[PDB]
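A single chain, nothing else alongside it, follows as structure tokens in the form solved without Rebamipide.
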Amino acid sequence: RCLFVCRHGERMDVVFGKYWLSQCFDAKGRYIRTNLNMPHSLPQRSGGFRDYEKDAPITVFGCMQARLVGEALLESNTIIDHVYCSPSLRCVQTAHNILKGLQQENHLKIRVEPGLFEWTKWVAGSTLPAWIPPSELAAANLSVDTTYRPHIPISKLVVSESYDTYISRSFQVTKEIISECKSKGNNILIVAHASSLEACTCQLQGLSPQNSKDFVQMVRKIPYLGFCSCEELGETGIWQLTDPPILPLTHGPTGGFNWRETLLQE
């Protein structure tokens, strides 16, 4: 048995900055493509385009990262029997595109688990992002399981949550995920956040969590699609981090370029 945990792909809001909505949406709040790193379309959301502010999508290159990981899993014959993700759109889109690369997009149905959402301290304000429900995610051609009953529904998350609460629910939900997949296929994939890789696996392995200051510093090191593997040893039944079955993915930037501001014109 193996638990794979990885981070979502490149985020639109990180690339395109504080006012990224202005690069993606017109005066009427309709999506527009102003860069090749943006897709042809984005889902309509119940509260309009500003719902994207606390729940940004991945980029085209975010999609490509996800697909490269899926293809690498396929190429290594790493069979994924179940896939879960955080309700964050970026996590759902990442999971969908791993499935594409895996060529399992018509077989695997992604189980959206609010339990896997990151520490709610990272959310601005006193309300949660307006996550797109699984029924709408499926309507947007993301391979989500609309029949999945989450272990920690949105109703059970609080924005006030302590670090301890975040680690504890991550431990709790990870055990419930493993428990329900037992004897239903060896490999489980979680697609979530930078913080998830340690939060989902720390107490699973019997380890004590770090203090929150060291935790936050560490979490800043997890690249997009950062990928870890936590295996259950048959002999002892103990879970332990091990080398993933795929190579790491590393690439650099392609910076912003305005030809008028740079090339000689006079």
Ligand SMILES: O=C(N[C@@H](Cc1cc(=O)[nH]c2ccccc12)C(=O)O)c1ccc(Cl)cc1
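Note that residue numbering begins at 1 and tracks the sequence as displayed. We call the rigid core whatever largest set of C-alpha positions still superposes within 1.5 Å between the two forms.
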Query raised in the report: Taking the other compared PDB entries with both flanking residues modelled, is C228 unmodelled in at least a third?
Result: no
Requested in this report: Could you settle it for me: does 178 to 186 or 115 to 123 have the higher average Cα B factor in the PDB entry?
Outcome: 178 to 186
Query - 152 to 160 versus 93 to 101 - greater average Cα B-factor per the deposited record - result: 152 to 160
Query - Criterion, highest CA B-factor; candidates, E235, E53, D26, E198 - result: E235
Query raised in the report: Reading the B-factor column of the entry, which of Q65, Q210, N35, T59 has the highest value at its C-alpha atom?
Result: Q210
Query raised in the report: Taking the C-alpha B-factors as the PDB entry records them, is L3 in the lowest, middle or highest third of its chain?
Result: middle
Report summary line: Temperature factor at the Cα of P43, chain-ranked in thirds, falls in the highest
Query raised in the report: So where's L225 on the chain's Cα temperature factor ranking, which third?
Result: lowest
Report summary line: In terms of its chain's C-alpha B-factors, the third that includes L204 is the middle
**Report entry** Lowest, middle or highest third - CA B-factor, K109
**Finding:** middle
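Unshown form deposited with Rebamipide bound; subsequent notes refer to it.
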Query - Ligand-site obstruction classification: Rebamipide, superposed in the deposited bound form, backbone or C-beta within 2.4 Å - result: open
Requested in this report: Find out whether any non-hydrogen atom of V216 is located within 4.5 angstroms of Rebamipide in the deposited bound form, and reply yes or no.
Outcome: yes
Query raised in the report: Going by a heavy atom distance of 4.5 Å, is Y163 a contact of Rebamipide in the deposited bound form?
Result: no
Query raised in the report: Even though Rebamipide is not shown here, does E113 get within 4.5 Å of it in the deposited bound form, heavy atoms only?
Result: no
Query raised in the report: At the 4.5 Å heavy atom threshold, is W122 in contact with Rebamipide in the deposited bound form?
Result: yes
Report summary line: Picking from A194, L157, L108, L102, the single residue whose non-hydrogen atoms come within 4.5 angstroms of Rebamipide in the deposited bound form is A194
Requested in this report: Please say whether, between this form and the one not shown, the C-alpha of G206 moves by 2 Å or more once the core is aligned.
Outcome: no
Query - Rigid core superposition, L36 Cα moves 2 angstroms or more between this form and the one not shown - result: no
